[PDB]
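Architecture and fold: a report
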There are 2 protein chains.
Amino acid sequence: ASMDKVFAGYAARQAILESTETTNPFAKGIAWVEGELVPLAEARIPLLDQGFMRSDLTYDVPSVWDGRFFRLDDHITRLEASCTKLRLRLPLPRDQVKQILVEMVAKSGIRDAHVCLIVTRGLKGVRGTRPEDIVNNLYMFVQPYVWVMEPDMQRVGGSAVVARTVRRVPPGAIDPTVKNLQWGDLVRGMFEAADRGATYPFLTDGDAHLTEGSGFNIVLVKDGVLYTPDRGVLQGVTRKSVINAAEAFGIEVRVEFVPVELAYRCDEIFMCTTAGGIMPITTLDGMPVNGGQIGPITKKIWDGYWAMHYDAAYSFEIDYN
Amino acid sequence: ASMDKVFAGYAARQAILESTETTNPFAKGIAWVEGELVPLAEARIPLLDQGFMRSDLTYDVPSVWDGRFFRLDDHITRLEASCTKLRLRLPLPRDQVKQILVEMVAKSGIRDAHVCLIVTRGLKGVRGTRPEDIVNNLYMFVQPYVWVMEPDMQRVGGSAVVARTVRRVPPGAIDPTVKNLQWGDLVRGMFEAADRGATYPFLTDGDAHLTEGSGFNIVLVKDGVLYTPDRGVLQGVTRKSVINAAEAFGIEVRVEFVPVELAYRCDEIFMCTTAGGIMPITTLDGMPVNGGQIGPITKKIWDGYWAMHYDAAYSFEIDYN
């Protein structure tokens, strides 16, 4: 139903944005460093920031679609929860943060965007420093919307592998409910998928069950029911939205341990993430997924997810003036 | 034997270094960014460097002691091996890198230094980018020598706990032989140690065997034999030096699986790392280690390690001009 209109609207807005790149220095993105706004490519951070020297940070990425922020409060709440888990504190009041983000989006002119917030430990690390001398740092940026699966590929589905050379970092080492930039396993998964002639890695928990991939959650569909891992993964806002849509449609969702074998016996597969939305998978380990076409439940969820971007309960319009 | 002389020499050189800070802007450290040398506190990197945005990097840290580089070639070789494991290439030829590092140390005037080299994926990530479009980035810096255990604590020994709230990232998720800045588990360990009234965390593999801690390897001594984990840890150059010293002294070193129980029954414990050297642990989980005094084999290894800093087989003198 909705792919043609959603993608044609994006293409039209994107053509306007691209036409402005020689006159609007923020059309390729804008960043906030130390209270100053700069073109994204020009943004620089201290080499000794502990977000670099120990990846001692969390981040979150709400999005803007067609000039409407999508579930912004959910993302800021998750960022605050991640900060609490790491003993960080968002460095400005949350209402001020939201005001800055809206200002940045409006100044950029970007209708479709990813809006990244990063909170780091600061210039002084946990080791040795008296806890009262720790001052956490905040970096924020707006960039043109990033696609983990491009629109043309979403029309046919992508190719995934269950990774065999790497598995997901377990929660008792690094908590995956804290969105983080320690991607060592996820980068290994991306290289493995490419080495195997595929694009997307699905990582196991190291114990014969599925977790997530390189920046996305995994959903399996079998006999009219959605299955998605509970433990070992980020609790995605896209996944939350999939659950809202499934509930509205009367489709059961099981958020539980998902055995690896189910990926080989299921009727449909899709990935979900803010950077791309609902991303069908139609080849797994080199084999068609149940015939190789995008499935009917995936299509219903796809349309429902994008409709939520216009529902006032999940989105709001930004004033670009 | 050697602690007084080693630490008095360092204290004397530190007083000289501090006296140069008002006339040498590099005396507090110097960094190399994009071929330019800048005072360390002023060094900045692009916000979108994938070393920041995905911790997609490796690093290595040779040191200078009393104006002598210690095992520099071993560290550059390990950096190149880590780069190979991550599909990264050191940006400059290794002989040019060494010449730059010596130049930077000389300009700083620092005689006791840590010298950090970082190789990142660059401005374009693994995902999506044509492999030929990837250009890796190099950052280097010299800083005054950093102590994981300060000199006066090395005199009496430190307190450790076997961590119970976190375990080490396993090798099939992130390879710990690649020195890396993805410290999520190690930072959790440091907070746990502090919460439990100790200074250092020892992390298990979760499977009842010891690995390493927050920036150091772990050595247990029992009945005249040293034991240190093989799998799950960085193959430290300090640990290598401990092995060289032990072999010279006729002390057996077993690099093998070390059950957690051995830490509670052993005669001595020490940590080892380039940022501090040989670091005795005299309480574990609140209990004195075999009486709570620094042990005789620890002291022999301590003295042997520092002697190797003046042996031409392991070191060379920098010309500071």
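Residues numbered from 1 in each chain as written, not as in the entry; some residues may be left out. Chains lettered and ligands numbered in written order. Heavy atoms only, no water.

Structure determination for this entry is recorded as X-ray crystallography, at 1.3200 Å resolution.

The name given to chain A in the PDB entry is omega-transaminase, and the organism recorded there is Aspergillus terreus. Here is the UniProt Cofactor (unreviewed entry) comment for chain A, exactly as written: "pyridoxal 5'-phosphate". Regarding chain A, the UniProt comment filed under Sequence similarities (unreviewed entry) reads as follows: "Belongs to the class-IV pyridoxal-phosphate-dependent aminotransferase family." (UniProt positions renumbered as here; feature names shortened; annotations may be inferred.)

Quick look at the domain arrangement of chain A now. All names here are of chain A. Assigned domains within chain A: domain 1 (2–144) and domain 2 (151–309). Taking the mean C-alpha position of each, domain 1 and domain 2 sit 25 Å from one another. Listed per partner, the contact involves 25 residues of domain 1 and 26 residues of domain 2. Linking domain 1 to domain 2 there are one salt bridge. In this structure, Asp 4 and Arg 155 form a salt bridge, with 2.8 Å as the shortest nitrogen-oxygen distance. Across the contact surface, domain 1 and domain 2 share 11 residue pairs in polar contact. Broken down by secondary-structure element, the contributors of at least two residues to the side of domain 1 that touches domain 2 are helix 1 (3–19), strand 4 (57–60), strand 5 (63–65), strand 6 (68–70) and helix 3 (72–86). Looking at which element gives the most residues to the side of domain 1 that touches domain 2, the answer is helix 3, with six residues. Among the residues forming the side of domain 1 that touches domain 2, the class breakdown is 10 nonpolar, seven polar and eight charged. (Domains from an automatic or database assignment. Contact = heavy atoms within 4.5 Å. Salt bridge = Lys/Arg side-chain N within 4 Å of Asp/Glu carboxyl O. Polar contact = N/O pair within 3.5 Å; in protein donor to acceptor, adjacent residues only side chain to side chain. Helix = DSSP H or I, 4+ residues; strand = E, 2+ residues; numbered from the N terminus. Nonpolar A, V, L, I, M, F, W, Y, C, P; charged D, E, K, R; others polar.)

The subject of this paragraph is the state of the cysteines. As used in these notes, a disulfide is a covalent bond between sulfur atoms, one from each of two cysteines. All names here are of chain B. Scanning the entire structure with this criterion turns up zero disulfides over all chains. As a non-bridged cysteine, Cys 83 has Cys 116 as the owner of its nearest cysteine sulfur, 12 Å distant. Of the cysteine sulfurs around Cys 266, a residue in no disulfide, the closest is that of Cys 272, at 14 Å. On the basis of relative accessible area, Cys 266 is assigned to the buried category, the value being 6%. (Disulfide = S-S within 2.5 Å. Buried < 20%, exposed > 50% of the residue type's maximum accessible area, 1.4 Å probe, protein only.)

Residue and element names in this part refer to chain A. For helix 4 (residues 94–108), which comprises 15 residues, the first-to-last C-alpha distance of 21 Å matches the rise-based estimate of 21 Å (1.5 Å per residue) to within 8%. Where helix 4 is concerned, the buried positions are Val 97, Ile 100, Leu 101, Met 104, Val 105, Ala 106 and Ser 108. Of the residues trailing helix 4, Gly 109 is marked for its positive phi of about 75 degrees. (Expected span 1.5 Å × (residues − 1).)

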